[PDB]
Every structure is written in C-alpha cells, then in structure tokens.
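For the numbers below, each heavy atom of this structure counts, side chains included, while hydrogens, waters and symmetry mates do not. Chain identifiers are assigned alphabetically (A, B, ...) following the order of the sequence lines, protein sequences preceding nucleic acid strands; residue numbering begins at 1 within each chain.
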Amino acid sequence: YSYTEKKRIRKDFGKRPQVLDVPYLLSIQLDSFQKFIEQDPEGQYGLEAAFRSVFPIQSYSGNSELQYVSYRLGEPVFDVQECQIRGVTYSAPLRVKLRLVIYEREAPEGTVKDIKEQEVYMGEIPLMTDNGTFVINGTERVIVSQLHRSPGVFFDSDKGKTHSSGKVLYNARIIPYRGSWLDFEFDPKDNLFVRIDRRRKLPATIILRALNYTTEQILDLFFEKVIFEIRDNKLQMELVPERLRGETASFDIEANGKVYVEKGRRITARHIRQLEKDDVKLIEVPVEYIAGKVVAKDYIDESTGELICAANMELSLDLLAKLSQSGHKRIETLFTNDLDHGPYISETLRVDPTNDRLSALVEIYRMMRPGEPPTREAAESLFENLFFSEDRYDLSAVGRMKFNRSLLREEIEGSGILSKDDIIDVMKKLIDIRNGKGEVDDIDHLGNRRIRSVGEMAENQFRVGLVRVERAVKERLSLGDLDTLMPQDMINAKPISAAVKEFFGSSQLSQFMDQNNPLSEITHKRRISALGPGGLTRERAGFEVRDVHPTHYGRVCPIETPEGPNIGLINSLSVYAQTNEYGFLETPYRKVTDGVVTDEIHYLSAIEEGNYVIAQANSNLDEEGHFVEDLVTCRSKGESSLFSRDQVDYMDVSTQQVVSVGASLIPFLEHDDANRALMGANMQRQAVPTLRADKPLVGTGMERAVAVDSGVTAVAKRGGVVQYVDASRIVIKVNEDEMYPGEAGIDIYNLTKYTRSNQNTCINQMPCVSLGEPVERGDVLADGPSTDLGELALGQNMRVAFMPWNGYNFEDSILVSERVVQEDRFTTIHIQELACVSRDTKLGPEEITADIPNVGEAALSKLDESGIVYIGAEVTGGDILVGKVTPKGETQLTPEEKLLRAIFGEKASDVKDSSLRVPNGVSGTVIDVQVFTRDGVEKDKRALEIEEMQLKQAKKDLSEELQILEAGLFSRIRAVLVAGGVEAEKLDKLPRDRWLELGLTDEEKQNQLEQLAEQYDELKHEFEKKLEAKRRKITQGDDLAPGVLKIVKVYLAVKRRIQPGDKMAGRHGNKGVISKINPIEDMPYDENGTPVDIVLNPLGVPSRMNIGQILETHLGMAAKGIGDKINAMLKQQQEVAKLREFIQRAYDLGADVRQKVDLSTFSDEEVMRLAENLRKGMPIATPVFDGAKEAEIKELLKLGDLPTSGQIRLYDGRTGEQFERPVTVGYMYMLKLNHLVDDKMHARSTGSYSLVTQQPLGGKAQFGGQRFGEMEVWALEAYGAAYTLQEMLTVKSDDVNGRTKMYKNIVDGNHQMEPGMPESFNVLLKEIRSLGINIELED
Amino acid sequence: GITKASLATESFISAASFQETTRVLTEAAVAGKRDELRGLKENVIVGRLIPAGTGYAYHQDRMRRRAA
Amino acid sequence: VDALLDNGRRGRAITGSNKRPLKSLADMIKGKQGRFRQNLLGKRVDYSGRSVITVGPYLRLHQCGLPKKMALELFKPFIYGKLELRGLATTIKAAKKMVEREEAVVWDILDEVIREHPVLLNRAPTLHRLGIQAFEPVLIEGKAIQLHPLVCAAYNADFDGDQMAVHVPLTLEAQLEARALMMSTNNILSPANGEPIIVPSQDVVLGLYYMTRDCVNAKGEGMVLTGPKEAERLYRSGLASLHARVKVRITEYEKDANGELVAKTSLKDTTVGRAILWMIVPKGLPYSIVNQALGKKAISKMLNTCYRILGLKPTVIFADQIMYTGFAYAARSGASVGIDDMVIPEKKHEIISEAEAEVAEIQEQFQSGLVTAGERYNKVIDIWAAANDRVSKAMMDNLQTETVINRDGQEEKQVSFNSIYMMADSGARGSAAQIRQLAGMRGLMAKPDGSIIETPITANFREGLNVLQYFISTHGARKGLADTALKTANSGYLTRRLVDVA
RNA sequence: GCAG
Ligand code: 118
Ligand SMILES: [Mg+2]
Ligand SMILES: [Mg+2]
C-alpha cells in the first residue's frame, strides 16, 4: 500500500491482474519538447539538428563562412507565475555561439585569414512548464499533437467513380516532408500520367525523359523482350514458356516434334510444363504473329544508313521485310501479354509529344511556369530544384523509411531527395498494382498516419526562421565590409523569434488550455488532431477519415471525440499508447511464447499488429499462464475471429487499453451505448470544481492516476515527516535515507491558493496531510481543485430516485432537492479579472481617481482615496471598482440645455466618467488588486501600498524559507555532532552559529561538517541575492502596451450556487438542466424518512441505452449501505474488533477479485482512521470492461442490509402516501457542468449599434442583440406575420430614424411604427453603385 | 430544378440574394432589368411588408391605388 | 481595378499584410457573408434576449415563464412609459434611475406592462414555422425560460442545455399577430400533415397509459360505481386500485345532427382509471375513446378527435388537462427503471450455443471445400440473423406477458407491468428495437465500409459488452454520429433552395 | 475549442 492509500482504500472489483501500470499520462508533451530543447551531440533532434541543417553558411563566392559551434538557453527572466501575472511569455533566451571565418584572397585552400567567434542572441524560445503547458502572453496554452499523413509513397485508387464505366483508376503519390508533391496516375485509356503539385498532368514518360533515359532505356526498364531471331528461314522465335500462361494461340505449336496445342485452343499450365519438359526454347510461328508487335530497340540500316525502325514502333510484315534486308537477323520485341503485362508505358511513349531530354525539360517548364519562354539553362535548373536538391525537397527520415518500406527495400535509411531509382520504382509498383499483383494503401490506416508533436512542430518553425535569417546573412556576407564585422552584426533575431512567436501564439494547434478540472487539462494534453497546418480542414474532411479504423485499437480512443463538425478529427490518445521514434502510434502487448502468456510487453505499431494474432484482454487464463479455453477470441488482420490457443502470438496488456484516459473513468462503460459513452467522456471535462471535493463512491481506479499525473496536486518528491503544515505551505522533514550529504533535508511545498483558471474557475490547493504525519515519495500532500485525498473528484455523490415526478423532470430535466443547496454541494467559486486601463488620449490623459462626476458619495464609499476598490469589498453589479475619468471636449450644448444650465448654474464637467464597474448580475468579493504603472508615471498611494506589501511579502517568504532551511541544517549538524564526541549536555547552550566552525575529531565526520557549513554559508549568500532580485523585480516599472499609463486589475470571487437552469450531468451521458429546487419536505422519502436528493426521469434510460447509469446507482447504494453501516458502528462506539471484522468482510467480498486487503496488518489507529474515512460510503472501484458483475453488486447490497433489487419503496413527500411501485434509489455521481445559466441569460432592449450597417452588435459581451436569422424570417413569412416581420427588419434593427421614433413612441404609450428603409439596404445600393452598376429606385 | 428555377425568376433581387450574385447582377445590369418587388424576399430586403398575410391587404390597396 | 471590383476572379487574389486575400466590392455583397444574406435577409434585433429553457409544467398552453430579470430589460421603454404615465417618475431619466435601482414599484409596473403582451420564443434551427411561437409571459424568479411541455415537440426542444431567444412584439399590429396568428393555442395542428403537433409525450403518455390499464385481481375489482367521481374517491381513499376492472355508470353526450349535445347513460365495463380519466374528457366525445390502454397514438387520436368534433377552444383545455393528469398519475405510479426490469430470456444461452454449433458446422464444411468463402459467409450471416430473431422473440415473449397472476386462485397471464415494457409499449420512450439491445442480444454490426461483421455482438447492455464487442459497436456509432453531423448541412441547403424556389 |  502506502500511507496515503490506506487512509481510504477503494474496494477493487476488478478481476484481471494487471501487468503494466498506467504510464506517465503526459509523456507525449514532455518527451517531445525535451527532444526539442535538449543538447543532442548526435545532431538529430531539436535545435541542434535545426542548426546543423542550416549552418555552415558559405558566401556566394565562398570567400567567407558563418559556422556554428554550440547553442545554450539562458535562464528565464521571469518564472512561470510572474509570466502569468505580468502577461508575458515564459521563455528562455537562445544564445548561439557562431564563428565567422574569413579565408584569404589568394590561397590554394582559402586558408584562414581570420576567425571571429562570439555568442549571438537569436530569439527567445518558449519553455514547457513542468506540466506540459506553455505560458504564452500570460495564458496557459497547450500545443496539441497533430495526426498527419506520413511522408512516403501512397498508392490509392478511385473505385470506378469516373467515366461511368466503373473502371478503377490507380494513382501513386509521393508526399515529402517538404517540397513538391509528385503524383502518377492512370487515365481511363490506361495511360500513365504525372502531376507535379497537383497542376495539370503530363504523360508520365516526360518525367522519364527529363531524367536522362532514352526511349530505348525506358523500354528496357519497364519491359522484357520476346526475341525474334532469323535463323535459316521462317522467323524462329525464342521462347520462354511461362510467357504463354493463359492465352488462346492463333496457331498450333510444333517444336522439333509433337504438336502441343492446336489452333485456337486455350493454353493451360499443363502446356507450359509440357513445353518446359520438352525444354522448348524455339518456335516458328506464322509471319502475321508480328502484326501488332512493338519493337524494343533502335534498328537502323548499315547499307543506306536509313533508320528502319526506332524503338516503340509497331511492326508489320512490310517493315519486317525492309528490316530483314539489312542483315538484321535479330529482332528484339516487347513482351506485352494482356491482363498481366500491359502496354501502359509503351502506350504513353506515343502520347507524349516529346522526343528528347531537353524538350521534356521544356515541357515540364511550360507546365510549371506557364506563359514564360523556357530557356535551356532555366528549364534544366527548375527540374533539379524540384525533387533533387536538399534545399528544396526533404522526404526526411520517416519519408525514406515509409518509402523503402512501400517499395519493399531492406534499407530504412537513405537520402532525403528523390532519385531516378525511386521514381522508376514508384512507376513500377503503380504498374504492378494495375496488373493486379499489388494492393493500394489504406490512407486512414494508422501505419500511414503519424503523430507530429510539440517538439517537432516547434523545430519546424524554428528552422523556417533559420532559413529566413540565413538568406539575409548570405546576402550580407557577399559584401565588401568583410574585415571589420562580427557575427552578431549580421544576425537578425527578429525573424527567428517571430517564427516561433507566431507558432506558439497563433497556430491552430496552439490552443487556450481547458482548465476546468484536472481531467480537462490532462485530456487536452493527450489530444490528437487531424486538423492544423499541414492537415485536414473540418469542412473538407470526408466521411472516411472521420471513422474509427481497426488500427485505432489501443492507439486512439474510439469514443472520446467531439460531437459537432469536427468529429473523428479531434481524437484522444489511449491509455497506454506511445509513439514510435518515427511518430507512428504503438501500443503494448504481452508475448505468448508457447501458450503461456509471458509478462514481457512489446510495443507494436499498427502494421506489426496486423501480422500477429492477438488475444483479447477478457480472454481468461489460469495462474500458469495458459489459456483456460482452447478457442480464443483474437484479432488477426483487423478481422476478428476465433483461433486456437497455439496460434495466439500476443495479448492485450489491459482491459482498459482501448479507451482514453477520460473514458477510463466511466464506471460500467461496457453497459453504455457508445454515443452515451462519448457524451459522458466529453461532459466529464466540462465539470467545474465544487467547494468541497467528494470522491466517487463508484470509481474505476484511474482517479488516482489522473489526479497525480496532472500537476494540480502537490506530490511529495522525497519521503519524510510533515514538520509543519498550514493552509498555504507544507514543510516535510526528509528521511535521512533520501537526503543528500550537505543539505538541509527539508522540502517546502508552497500551495496555490485561489488563482484563476482559464475558465475563470478557482484552482486552489488544500493541505491533505496533517502535522507530524509520515509521508512517502509519491504521496499526495495537497488536494488541488477537484481532487479528494489524491483521487480525482469532479462531482458529488447525490441520492437519486428514478421516477417521473409531477412533470418536473420531463425531457431530461432534473429535479433537485433544497438540501443540495443548503449543503452547498454544487456551489462553485468563479474568479473574474477585470482590468481598467488608464491610457493617454489626445485630449489629455485619463486618470484613475475617486472624484468622479455625476456620481453620489454612496457609490464611492468602497473606493479608497486612490480611486480603487478596497480588497475584501463585497460588491454587486453596478458598483464602481476603479474610478476613472476621461478628459473631453467638443461640449456643444443644445439651446435648451444652455437655458437649463443658465437657470440653475450647475455647470458641465470637463471630464467624463469612464469608471470600471462590476458587470450586471455579478456579485462577489474583491480578493486581489494589481496595479501596473508605466515607468515615468508617478504611482498613486495604492500602487505604493501594494508595492510595499509585495516587498514585505517577498522579504517575509524568503526569510521564512531561510529560517526553515537553517533550522533543518542545525538539526542535521546536531545529529552529526552527537554521532561522535557527544555534547548532549553542552550542545544546546552554545550559540548555534559556532557549531559551523566547531572542529571535531576528524575521522571522516569533519568532512560532512565542512559540507554542512558550506551549505549554510551558501544559503546565507543565496537568500540575499534572491531577495535583491525580488526587490528589483517588484519595484521596476512595467513594460505596458504603447499608449497606456496604468492598468488596474481587480479580481472578483463569485460563489455561484446551484439554481434552475444550471446543467448537471453524470458520467454516462445523462446530462440535464435543473428544473426546480424542491423543498425538503416535498421530496420523495423512504420508510426511514431520508428524502431523495435528486429525482431523475426513468424514461431517459431505455431509449438512449446507457444502462451503466442504473448499475452505478445500484452499486452506489451498496457502497453507501456499507458506509452507513460503519457509521452506525462509530456512533454506538463499537470496539475496533467489530469494526475490523465488518470492514474485512466488506473488502473480501467479490468473486475472485485481484486485490486482498488484509487489515489484520493494520494497527488500531489505522483501522479507526480508515473506518472514519469510510463512514460516508465505502468507495468502490469498477475498472472499465472488467468491472463488478451484477451478482457482486447484489452481494454487496445484501451485506449492507439493503434490498438486492436496488429498488426500495418511496413515499410521496407531499401527500405522504406511497408510490405504487418500487423505485430505483441509489447514489449517482452528479457533475455540475460549466454551462451555468448565469452566463447564458441575456436581454437587451436598446444598445450599441454596428458601425457600417446600423444593426445591433453581436454578443452578450457587447450587450448583444439576437440574430433574427434567415430561417426565422421564413417562419414569420409562413404565418402571415407581415407586421411583426416588418418591425424585425426596420425599427428593431436597421431603421436609424425609425428606431428612435419607435423608442419615443413606446415611451409615449403609442405602440405604432414609422418604418423607413433599412440602412443595410442603402449600404448595399451604395456598394453596387461602386461596382459601376447603376442600381436605382424607381418612383 | 429548384436551383435553376430560383435563378430564373423575373426578379434580380430574389435571384441575386439566393446565390450566384455575380451572374445575376451582371445579366440584370446589361439587360437593364426592373424588379417590381412582387415576391417576399424583395419585400423583406427593402424593409416593406411582405405581400402575403396581414401585409396582403396593404399590397392589394397599393395595386388598386396606383394602377388607377 | 479588377482586384477592387472582384478580387481573385482573374488569376491570383491580392493579399494584404496577412497573406489573406482582400475583401473586394463584390465580396461585400456576395455569399454567406455578403450584405444580402448576413444583413438584409436576416439581421440582429433589439428587444431580444436569450436563456436556457426549463420545464415549468404548471403552465397553460398559451404561456411561457419569463424571468423578471429578462423582462425588466426587454420591456424597458414600456416601463419608462408607464412610470411617467402613472406619475411615479417626473422624467425619463428619473425612470431610468428607478429601474436601475430596481425599486419595489417597478415590479408592479412590470407586472402591468407584460399583462396581455405576448412574446415570441424561438429555438434555432427554426426548421419550420412552429419554431417561433408567441406565449403570454408569466414572470418567474429564475434565470431560465420556463417552456410549457406540450410545445417542446414542436420546437424539437429537450431540456439538456437548449436555449431559446425571446423577442418582443412592439407595435399593436405585431401584438395582435402574436395573439392571433402565432400564439401557441392557435398552432395545435401541424402545417405539414394535419396531425396534432401539440401532443403528449414521454411522461404524460406513460401516466395516461398506466392509468388506463387493467390488472386482473386488482384491489376493489368488480364493484359497481355511480360515476367517475366515485372512482376518484375510491382511488384516493385507497379502496380501489387504479386498474381495478369495475362497472361504472358513465353519462356521455353525442353531437346531434343539428349540432347540439344529447346525453346517454349506461353502466360501462371499465377500470377505475379510465373512469377517473373520463372526468377531464370534453363532452361531445364517446366513452370508447378512453376505454382502452392509451398509448401515444391513442392520445394523439383522442386530441385529433376532440379537434375535429368540438373545435380549437375545447381541445386546448383538453390538452392541458391531459398534461396535468398524465404528469400527476405518472408521479403516483413511481414507474422506475431497475436492473431487474431488463429480464433476459433463459433460452438466450441455448439459442446462442445452437447458433455457434451451426456456424462451426458451416466452417468445418468450408474446410471440406463444398462451399466457397462467399456462400460460407452468407450462410453464417443468415444463421446468426435467425439466432438474433429467435433471441428477440424469446425476450419479448418473456417480457410482454411475464405477469401471471391469480384470479380466484387460478393463474392467468396478462400484459406485463414491467417498466421497460410499459415504456416501450406506451410509446413513451424507446421501441422494441432498443429493448432488444437491453435484454436480447445486440446483434450483428457493420464495419465502417458497410460490410457486416460475420460474428455478432452476442451480448447486451444488461450484461457487459467485452472490449472487442465494444470496439465493434463504436464502428457504427461514430458512423451514425458523423452522418448526423454532416447531413444537417445537407438538409439545410435543400431547405434553403426550396424556400427560394417557392 | 465548445453548446443544442
Ligand atoms: C466546404 C467544403 C466542404 C463542406 Sb461539407 C461539411 C459541412 C458542415 C460540417 C461538416 C462538413 C463535406 C465535404 C466533403 C466530405 C464531407 C463533408 C457538405 C457538402 C455538401 C452538403 C453538405 C455539407 C463545406 C464547406
Ligand atoms: Mg437539447
Ligand atoms: Mg472553433
């Protein structure tokens, strides 16, 4: 166990023993970025590979060069939290050591005239925090892994979807990592064509002639020859007998003898074997056997020098006669047998108009750069810049691996650019696929799709920035100032840093992190995305890429995926899925050696997984390893079948191998329909953290893993004893086993209290341990948001009854009791930041002040004299938080306002109230105020007060860390001093600082005292230089945006309580909106008087078949039935013998479970602490697809003395009489989702209007206005509502003169409209008349 | 079909607000067309009553007071 | 000039400062974002709000629940008008300050100005004209619009996070069109087929089905009753079950040929619940309309009969009475779903073992080469489909009459009172096709390319799907979900083309 | 990125 797991042991019902613990759930992000920024002496990964890919940089003339020696990341200027506060990226400076070598002018080598070596700064690269996030502009962003088509050659088809003849048309496509695409394809006439970058197609032999192949060499490559040799007479023909497989001869075959097959008779393999048994190598055929045969060589004359027949020339008897007259007794001829060796290449040698290499290069030029006259020296440079230069074409290492793997080569490494051999082999494999001896690639196979992740996309963008700077440094190196310039005078850091800046901030895959709960974070990091740059688009992405493939098994979750327009494009990585070193997903299996399932795991990729046959995880096996069955369900080719127990090669490592981490948390997942499992998996990530986290009574066993492997919690790095514990810090006194020599031996954990998540929730850590408690390496010391004792806890254990109640849970509504509101169960804290920005305007600067015009002194009662609100103020909607006035001019009073002010004399004010106010309906507590002043603006009293508070706090925190650490050092010194020459009567009175220099008998202990005194002196040296850094970071002026003078950010904390409209859910896709908050006495109650907390609709179960939610209810009643049994034993104060016996009877229940809790090894203190943690219900673990059977649920129900049907009889609370049927009552785990009705309710009568067209503005942030779309206009045209429609068009929206007349008419009590023309129609008329089209209105 | 019949109305405003605005507007421009605003999209676009429903009486009054 | 007028038509678009093409004069007026469609054919509208919908089943058919905090804002000029008219504010600025302070008199003014003033509630997608309907507002305290249940089927609304938009008819003509053309008590029939669209659903129909059924030996059977009031007194006293077959004197009125109602009185053989339900039936209707077990179709036909015989005004009262009595008696039954309600036939394991014997026989016949892989596969599919139908028949026969109870000692089978079966049989939720997957086997699945997998999911959701069967399940579930996601854009475009041709 |  642990000491943190025997506080409360979750009763495990899983039966399969696990052989592979769940890995670090954020390995994708952390490993990718570690490959990116770590030093790699081999030079394959990250910044080192990117630098060696660009450097060295020769000049145009080669006289000088800029080479690269090493790089180095600086330390960040601000730590992560200062970056989140000041709104700046958390990055490290990339300092790269370059060397400018100047060769000599006249030298046999260009010997070194000079070297100038120095360290040039190029850019700041953002840093992954220790949780897999980036703080980019103060917001935490996750760079999502991309799933893109691997580079390589992909053979595909369109399955007769062209030319209506149902003819399957094949195409190869060479896709590189970077560079021009190269496709070959077939047309309906069986002619091989080629496209380059998907522009118009050429005959494919043009790219064969651009490579220096002639027509004769082409026909050599793609064909084999039937040699006709003229012996004595009658056209002897060399014979290879297998070329005669399956034809009908036009002539009988006689070779020196027996007639094998007569005329017009079909030839079968017996005839071929017969001809080879006779060893037939020669025929004499009819002379018209050459009517149609194509010569395969260049046959010219020797007598008259006339070119008789060049290559690719179809022969005829007259041509045969004129060819034989020149002494040509040897006639080489193409062997094209139909349906196995087509004429495709010899057919395209006739369709291309090209005869020579230069004409082919010209034709490729004309296709590529049209309209421009092709010259030789540019057409022959365009081609060797297309696919054959490393500057422009990189097929990469994955590209070359997949390339050779597709062409069945044995070498997996090579050059990144194409070759003659590669292109020719691709054409050969395309022709083979046409000839029926190949198969097209499945493009959604996960052997053809590749995970490109953070440290690879970041390196790609960095290398783009590097080529941007190296073109400029090539341009600068070829100048004549070459003797007096250093390398940092020719490096521009701004392109390089701008590439990574736009990647990390503006890419589609660099996303604002989900920070609702720990599950949202840790599932946003394990997210795969088909979209992004270099991937699909959610509109153009078809049906087939959105589907779940058979190779998604164990690699990509089938159920956790979105539900709207990008479904199947955003995927989630499965629990055990890794990536190859190439990026292809792989998943672990157990090896089955001889029928014995070994516990040796192998990570199989999607293509290897299809070779073996692989057992299930639900496949039973006994303790010897052997399958207890003999006919095992397995998967062999993506096909799934039954096999013997000795065909089985591998076995799935776990029963939850197939699902993601978020779907691994749905108990009884195997009973939900896959749609409702998808919805539950997607609504666990929208659940906000409540006030008091409540463990699930029914979990699956992944809750500890999700809570720890996400960094929301504070896990002990070294074991020890809690020396001090406090709501904001935990001081652990390390064991002497785990501490290093010369060390204080104390770990301080500073907890995070009431900070804002990205979703404005609060992320607050509470110390889980108590004082003096022994903790171990890995225990949870502090529960973060939505965790309870280290277990992920997203909702609360509500008591549900499934029954229709008086209409109030109609159509997915939820009827909540009032005790769920009294008990503050789903009350969640939400923290808003509101900024008031004092800018410099052209009429004078805005000032933050408490002398606000036209506002009484009751509203300015919460503001201090600086004009800012007091911290701790209970504000409501409409209250001023930051008083600010703007200077204004252009007053221009009306005549009536002039008279009104000449009567009363109350003059107009020259400043305009521009205050920051609480938004309407918000009611909360100011918990923090931050003031940012541009350097040069004087600070008000409050900014100085806040700075002095921050300096006090910095000095206090650093003096307290020094006090804790020096107390630990003095305790270690006291422990070492008494190990020899004991001073136990002397030591505690002498001044402790002299223990640093007390020379003892040096056996070896004075060495440790030397190191401990060095440690103390270093701590004293270090505290001062940390405190001075903190002082100069606190008092320094802020780098604000241009124009702004100061920024006041006020943080409101709003406790939102549950209320009708708030959307609750469970783990099984059973979402719902609260319809009524019912009194306690109205709720249905059982015979003991305990009312139900939540009444759900039973009609929501059978149509959407998430039966799991019923079982989790029945089990959640069993679990609580155990708890309220133990609870009883703690109120009668039974002996610990009776408690120990009953809890042991509860943990031993179940049919062949994997866990054994033997708590005779528990002390009585440990048993009473456990029994105290189980008094609110004993938590159960129902692993996914391995969970508690129905019989085990009934047995545990019988142990808690509850009815085994799970259905008790309930009484109506209102009339006191019984509902006529038993009612399912149990404890579901309800989640409060982030769709709160406080955030959705909006209303607007009049407001601000859009600028160009005068319609209302868009969203409830800008006071909105709802879009009366096109469909609603049709809905009003379908009734005859002409007047309602005409006011939706003119006076509610666009009519500028009609909207104010309608307003003053409503106020006058005259509900009548004076509609004009919509302004947007006038905008349209003016935008058509600006097109040179006179559009008019005819009177 | 419904698309080629939607774009072959006698009204370039209906047909131009449906789709293929460029074709409808150039053809109507060189032909010098005249949209008499008879349907419902032309009367929703200019902010008038639709000629169907409670705005049918008004349009009949409009075509009995301008044709005479 | 060619780039100013229509960018990107001749050759390459001109991109400015973003490598993102410039929006020319032609792009302002063309497309889904042009003036014609973004700004002229539909526009953003004042006096409009939006909130989550929630049930409120106490309502009448013609009223919605509008939160006070939304109604105070949507009706602000109306409140300023009444605040100055009634002398409670000297100036419209004083009135603005009064409604900002939310003084106690602006709530009385606000109760005055919404009184007979309807609002339009709209749920998007407004697929058909019943997607906008006018309701009279009832001011409530929450922040969620409270939508009367019977209209939800018209809006396609469930309360799982749906939000609806409120619009205010400003003038008198728009107020009278909302009252006379669009009020929800005018839209009780569907404009597509004629069938009622304000029709009871899941909870109402289950309450009315449970009420109008008959048990065999139910408490208080066979007694003779003076009328529906005596049935209600018996049932509320606990002296007769709601399903006790009794003899009750029912007075019912026929519409004469002239149009007036003539009475008739006869002891009908009914149950107690059909007698109780008769009390809400309007007059001109036969008693045979409730003297049966009322599913969804029987209630929809009852409402249609009331509409064609008696007209709109009694049908609206009838529909609200049906909703209230169905909600009430659905609550009284406590009709709950437990795990024992999914009774799996005990002949399921035998049927599946016989089907496995047959497919293994076909397989070892294929080893004997007498069958091609084609007809082997076809026959294996057909002898699993026969097993699936045998399992479904055994399940449903075991489910639908599993009540065998006593009359005068002798056992006798009746229709089942199983909750799953009452929900499927009422038409409340689900069909036999889903009870099949709860309690039978969930059958043969299809691969993503449509070819069905030769071995079925022999398991159902009451048992576990194992990990492989669940993977095979997701194969088709994601296909259905993606089909749903990408066919709404295919249907909305057809609808747009049809509206623009007509 | 999400909600229906
Ligand atoms: C540009 C390109 C394609 C589509 Sb689509 C679609 C629409 C909405 C949400 C998701 C996808 C589509 C195209 C190819 C394959 C699959 C989907 C689409 C096309 C016609 C009719 C309806 C939708 C839309 C715009
Ligand atoms: Mg909904
Ligand atoms: Mg988006």
Integer-rounded Å distance: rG4(D) P and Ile145(C) CD1:
17 Å
Looking at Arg1057(A), I'd like to know if its CZ atom is crowded, meaning that more than 12 non-hydrogen atoms belonging to other residues, nucleotides or ligands lie closer than 6.0 Å.
no
Please walk me through it: do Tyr90(A) and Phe134(A) pass ring pair (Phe, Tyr, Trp, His ring centres under 6.0 Å)?
CA-CA 7 Å; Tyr90(A) 169 56; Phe134(A) 299 82; 9.2 Å; no
Under 4.0 angstrom, heavy atoms only, what part of the nucleic acid is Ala157(C) near: base, sugar-phosphate, or nothing?
nothing
OP1 or OP2 of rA3(D) versus the side-chain N and O atoms of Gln686(A): is any pair under 4.0 Å?
yes
Using atom CG of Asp162(C) as one end and atom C1' of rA3(D) as the other, report the distance to the nearest whole Å.
9 Å
Flag the pair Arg685(A) and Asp514(A) as a salt bridge only when some basic side-chain nitrogen lies within less than 4.0 angstrom of an acidic carboxylate oxygen.
yes
Can you find a side chain N or O atom of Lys1063(A) that sits less than 4.0 Å from OP1 or OP2 on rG4(D)?
yes
Mind checking side-chain contact (heavy atoms from CB on, under 4.5 Å) for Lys69(C) and listing every partner two or more places apart, or none if nothing turns up?
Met1241(A), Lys143(C)
Base, sugar-phosphate alone, or nothing: which one does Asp160(C) contact when heavy atoms must sit under 4.0 Å apart?
sugar-phosphate
Could you tell me how far apart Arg141(A) (CZ) and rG1(D) (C1') are, to the nearest whole angstrom?
11 Å
By ring pair (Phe, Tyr, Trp, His ring centres under 6.0 Å), which residues pair with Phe503(A), not counting sequence neighbours?
none
Nearest-Å distance, NE2 (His1235(A)) to P (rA3(D))?
6 Å
Report which part of the nucleic acid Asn566(A) touches: base, sugar-phosphate, or nothing (heavy-atom distance under 4.0 Å, all strands).
sugar-phosphate
Could you tell me how far apart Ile567(A) (CD1) and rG1(D) (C1') are, to the nearest whole angstrom?
15 Å
Roughly how many Å is it from CG in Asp158(C) to P in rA3(D), rounded to a whole number?
14 Å
Nearest-Å distance, CG (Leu678(A)) to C1' (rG4(D))?
15 Å
Base, sugar-phosphate, or nothing: which does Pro125(C) touch, judged by heavy atoms less than 4.0 Å apart?
base
Separation of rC2(D) atom P from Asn1234(A) atom CG, nearest Å, is 14 Å
